[PDB]
2 protein chains.
Amino acid sequence: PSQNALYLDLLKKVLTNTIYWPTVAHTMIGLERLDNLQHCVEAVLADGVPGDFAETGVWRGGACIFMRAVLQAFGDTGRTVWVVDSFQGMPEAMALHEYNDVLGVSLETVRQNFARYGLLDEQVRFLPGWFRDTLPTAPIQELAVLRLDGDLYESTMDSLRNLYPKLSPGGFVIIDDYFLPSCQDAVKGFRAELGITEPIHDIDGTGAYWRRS
Amino acid sequence: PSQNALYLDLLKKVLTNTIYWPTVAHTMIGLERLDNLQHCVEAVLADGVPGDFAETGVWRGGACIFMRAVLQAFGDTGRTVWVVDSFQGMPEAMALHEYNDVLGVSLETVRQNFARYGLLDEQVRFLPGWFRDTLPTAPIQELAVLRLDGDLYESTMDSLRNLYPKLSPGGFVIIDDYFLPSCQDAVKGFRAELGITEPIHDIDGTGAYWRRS
Ligand SMILES: Nc1ncnc2c1ncn2[C@@H]1O[C@H](CSCC[C@H](N)C(=O)O)[C@@H](O)[C@H]1O
Ligand SMILES: Nc1ncnc2c1ncn2[C@@H]1O[C@H](CSCC[C@H](N)C(=O)O)[C@@H](O)[C@H]1O
Ligand SMILES: [Mg+2]
Ligand SMILES: [Mg+2]
């Protein structure tokens with residue numbers, strides 16, 4: 001219907017730490033991109049799009065916590081949230097990201113973070129490893145929402161190549177850093193190969209998304 | 001009915017800062033006493049007890065934010081939350097409390113705190129001053145809930161003497177530090193004068209409360 005709006009509004013403030021790199025916040029994506037995530041998850045639920053949710057690149061887990069919280073707000077107990085990451089930060093330019101591997105947040109730490117919100121339950125599953133190792137054989141069957149938040153070309157490509165085919169029609173692909181060259185080049189390069197023409201919608205001049213036909 | 005439970009459960013975690021003297025948390029009273037506050041406010045709303053809510057001794061405002069949030073969760077737009085404090089900390093043993101006047105939190109700071117939760121609106125009113133100055137002529141007409149969280153004898157007495165008479169029947173008096181001698185002596189001394197016999201219920205070995213007949 002549009003349930004538990006107060007809960008979800010407070011949660012966005014909390015996950016971005018507007019109440020008290022973010023320093024302590026559980027997501028780095030900000031309120032505008034969390035609003036996009038809510039719009040997509042809510043649309044999939046109201047439209048009946050089948051499948052799980054997945055984020056490739058979770059850091060402290062905030063965005064994934066949020067998707068799990070939307071399911072909780074709507075009483076959907078069937079869908080799963082896949083929390084997919086190395087849990088060691090970025091792999092070894094490209095833009096030299098491993099330097100800053102306090103993008104490295106352990107599985108233990110992410111698990112604890114979910115538990116802080118009372119959301120560490122059967123509807124959350126973790127897939128630890130480098131995407132190139134883990135996604136070709138991922139135990140994911142179908143997705144209604146696919147969120148990409150690995151910055152690198154390779155991370156973005158490996159996620160799209162392996163998980164886009166599992167995305168249901170009417171499902172969403174969310175590209176958190178579409179305007180990052182590297183991420184952008186993968187998305188266009190991937191779209192060109194498979195002849196994907198669904199239009200890309202801007203979110204906030206950083207992230208972008210599209211909906212499958 | 002029992003509305004917005006997820007919201008209120010998250011709020012308690014947030015106000016006590018279990019997500020990320022408390023250091024940054026907006027209340028020092030802990031989850032057990034916030035649960036008591038919710039039980040009392042909810043009972044008053046379901047029973048039809050008329051009146052506003054008031055806390056004498058607010059620090060960073062957390063408990064008052066919570067009462068305002070319960071009204072929000074239940075859609076009650078008529079009741080007011082009175083936020084009553086010096087906004088300069090404790091007055092000048094008794095237990096030498098003014099030493100620690102980083103119990104001193106300005107009105108500006110408390111106002112900002114409410115706004116962080118999106119709850120700084122027409123249903124919240126501030127009464128700045130020493131209780132001995134402000135309560136004898138308080139613009140409060142009736143109360144359904146009266147929360148005392150000034151530690152001192154004088155603070156507790158001044159609050160009871162001036163506000164208890166405005167407490168509706170079936171309304172609650174909450175004593176946050178009943179087991180503090182000073183606070184306790186005022187409560188018993190006040191109860192003995194007016195012949196109040198409604199029994200005191202423990203909350204958590206620290207706070208206590210009773211319900212008016
Ligand atoms: N090839 C790869 N394999 C596994 N994890 C990867 C990866 N490339 C990037 N990552 C992960 O991607 C994440 C980027 S940060 C994404 C975090 C953001 N707060 C959010 O709310 O999503 C890091 O956690 C990093 O470990
Ligand atoms: N006589 C008095 N007049 C006005 N304020 C008083 C007072 N005696 C104590 N106070 C106030 O009482 C508060 C005690 S701390 C209460 C805070 C607690 N977190 C809560 O959530 O309620 C302080 O903010 C202090 O300024
Ligand atoms: Mg990103
Ligand atoms: Mg107290």
# chains A, B, ... in the order shown; residues from 1 in each chain; ligands from 1
call {"tool": "interface_residues", "arguments": {"of": "chain A", "to": "chain B", "cutoff": "6 Å", "atoms": "only C-alpha atoms", "output": "count of residues only"}}
result
4
call {"tool": "residues_near_ligand", "arguments": {"ligand": "ligand 2", "cutoff": "8 Å", "atoms": "only C-alpha atoms and all ligand atoms", "output": "ChimeraX atom specification"}}
result
/B:26-29,55-64,84-91,103-105,128-132,148-152,154-156,158,176
call {"tool": "atom_distance", "arguments": {"atom1": "atom CA of residue 48 of chain A", "atom2": "atom CA of residue 34 of chain A"}}
result
21.1 Å
call {"tool": "select_by_dssp", "arguments": {"residues": "segment 98-198 of chain B", "states": "helix (DSSP H, G or I)", "output": "PyMOL selection string"}}
result
chain B and resi 98-100+107-116+131-134+153-166+183-194
call {"tool": "write_last_selection", "arguments": {"atoms": "N, CA and C atoms", "output": "compact mmCIF listing (two decimals), in the first residue's frame"}}
result
# COMPACT_ATOMS: atom_id res chain seq x y z
N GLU B 98 26.50 20.80 39.34
CA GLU B 98 26.87 21.86 38.42
C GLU B 98 28.31 21.74 37.91
N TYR B 99 29.16 21.03 38.66
CA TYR B 99 30.53 20.69 38.23
C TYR B 99 30.53 20.18 36.81
N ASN B 100 29.55 19.33 36.54
CA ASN B 100 29.50 18.54 35.32
C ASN B 100 28.63 19.22 34.28
N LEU B 107 19.07 25.78 24.24
CA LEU B 107 17.77 25.64 23.57
C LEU B 107 18.01 25.46 22.08
N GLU B 108 18.98 26.19 21.56
CA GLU B 108 19.26 26.12 20.15
C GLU B 108 19.63 24.69 19.80
N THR B 109 20.48 24.08 20.62
CA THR B 109 20.96 22.72 20.36
C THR B 109 19.82 21.70 20.43
N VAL B 110 19.00 21.79 21.48
CA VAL B 110 17.83 20.92 21.59
C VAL B 110 16.86 21.10 20.40
N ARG B 111 16.60 22.34 19.99
CA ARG B 111 15.72 22.62 18.85
C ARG B 111 16.28 21.90 17.59
N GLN B 112 17.59 22.05 17.35
CA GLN B 112 18.28 21.41 16.23
C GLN B 112 18.08 19.88 16.29
N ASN B 113 18.22 19.32 17.49
CA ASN B 113 18.06 17.88 17.70
C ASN B 113 16.67 17.43 17.27
N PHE B 114 15.63 18.17 17.64
CA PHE B 114 14.27 17.79 17.24
C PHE B 114 14.18 17.80 15.71
N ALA B 115 14.83 18.78 15.09
CA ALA B 115 14.72 19.01 13.66
C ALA B 115 15.43 17.89 12.94
N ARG B 116 16.39 17.26 13.59
CA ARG B 116 17.08 16.14 12.96
C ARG B 116 16.14 14.99 12.70
N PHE B 131 13.24 25.92 37.07
CA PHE B 131 11.89 25.49 37.45
C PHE B 131 11.21 26.41 38.49
N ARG B 132 11.98 26.86 39.46
CA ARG B 132 11.41 27.73 40.51
C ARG B 132 10.87 29.06 39.93
N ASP B 133 11.44 29.50 38.82
CA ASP B 133 10.96 30.69 38.14
C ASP B 133 9.80 30.35 37.21
N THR B 134 9.94 29.26 36.45
CA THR B 134 9.06 28.99 35.32
C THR B 134 7.78 28.22 35.60
N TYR B 153 16.75 17.30 44.71
CA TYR B 153 15.58 17.45 45.54
C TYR B 153 14.73 18.62 45.10
N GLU B 154 15.34 19.79 45.01
CA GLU B 154 14.58 21.01 44.66
C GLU B 154 13.90 20.94 43.29
N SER B 155 14.61 20.40 42.31
CA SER B 155 14.10 20.26 40.95
C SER B 155 12.87 19.35 40.95
N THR B 156 13.01 18.22 41.63
CA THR B 156 11.93 17.24 41.75
C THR B 156 10.75 17.84 42.49
N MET B 157 11.00 18.46 43.63
CA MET B 157 9.91 19.09 44.39
C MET B 157 9.18 20.21 43.60
N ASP B 158 9.95 21.11 43.01
CA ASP B 158 9.36 22.23 42.24
C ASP B 158 8.50 21.74 41.09
N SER B 159 8.93 20.66 40.45
CA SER B 159 8.17 20.07 39.38
C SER B 159 6.88 19.44 39.91
N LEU B 160 6.98 18.66 40.97
CA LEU B 160 5.80 18.00 41.53
C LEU B 160 4.82 19.02 42.06
N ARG B 161 5.29 19.94 42.89
CA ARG B 161 4.40 20.95 43.49
C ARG B 161 3.60 21.73 42.43
N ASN B 162 4.26 22.10 41.34
CA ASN B 162 3.62 22.92 40.33
C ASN B 162 2.87 22.16 39.24
N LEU B 163 3.29 20.93 38.90
CA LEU B 163 2.70 20.25 37.74
C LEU B 163 1.83 19.06 38.09
N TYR B 164 2.09 18.40 39.21
CA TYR B 164 1.23 17.28 39.58
C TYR B 164 -0.25 17.64 39.64
N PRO B 165 -0.58 18.83 40.18
CA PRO B 165 -2.00 19.20 40.23
C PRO B 165 -2.64 19.28 38.84
N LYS B 166 -1.85 19.51 37.79
CA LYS B 166 -2.38 19.59 36.42
C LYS B 166 -2.52 18.22 35.76
N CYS B 183 16.18 12.79 44.98
CA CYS B 183 14.97 12.71 44.17
C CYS B 183 13.91 11.99 44.98
N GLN B 184 14.34 10.90 45.62
CA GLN B 184 13.46 9.97 46.36
C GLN B 184 12.80 10.65 47.58
N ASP B 185 13.62 11.38 48.31
CA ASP B 185 13.17 12.19 49.42
C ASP B 185 12.12 13.23 49.02
N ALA B 186 12.28 13.87 47.86
CA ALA B 186 11.26 14.79 47.41
C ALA B 186 9.94 14.06 47.11
N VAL B 187 10.03 12.91 46.46
CA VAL B 187 8.85 12.18 46.02
C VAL B 187 8.06 11.68 47.22
N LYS B 188 8.75 11.05 48.16
CA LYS B 188 8.11 10.64 49.39
C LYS B 188 7.61 11.87 50.18
N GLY B 189 8.43 12.92 50.28
CA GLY B 189 8.01 14.10 51.03
C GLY B 189 6.79 14.74 50.39
N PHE B 190 6.79 14.82 49.07
CA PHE B 190 5.63 15.37 48.37
C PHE B 190 4.41 14.46 48.53
N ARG B 191 4.59 13.15 48.36
CA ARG B 191 3.47 12.21 48.48
C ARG B 191 2.81 12.25 49.87
N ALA B 192 3.63 12.42 50.90
CA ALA B 192 3.14 12.43 52.29
C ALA B 192 2.27 13.63 52.59
N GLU B 193 2.67 14.80 52.09
CA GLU B 193 1.90 16.03 52.30
C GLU B 193 0.49 15.91 51.74
N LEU B 194 0.38 15.55 50.46
CA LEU B 194 -0.93 15.54 49.79
C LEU B 194 -1.70 14.23 49.97
call {"tool": "atom_distance", "arguments": {"atom1": "atom 16 (C, counted along the ligand's line) of ligand 1", "atom2": "atom CA of residue 139 of chain A"}}
result
21.4 Å
call {"tool": "select_by_dssp", "arguments": {"residues": "segment 22-132 of chain A", "states": "strand (DSSP E)", "output": "ChimeraX atom specification"}}
result
/A:52-56,81-85,124-128
call {"tool": "closest_residue", "arguments": {"among": "A:198, A:177, A:52, A:35", "to": "residue 16 of chain A", "atoms": "only C-alpha atoms"}}
result
A:35
call {"tool": "residues_around", "arguments": {"residues": "residue 122 of chain B", "least_positions_apart": "6", "cutoff": "10 Å", "atoms": "only C-alpha atoms", "output": "JSON, numbers by chain"}}
result
{"B": [77, 78, 79, 80, 81]}
call {"tool": "closest_residue", "arguments": {"among": "A:53, A:172, A:179, A:66", "to": "ligand 1", "atoms": "only C-alpha atoms and all ligand atoms"}}
result
A:66
call {"tool": "atom_distance", "arguments": {"atom1": "atom CA of residue 169 of chain A", "atom2": "atom CA of residue 125 of chain A"}}
result
22.9 Å
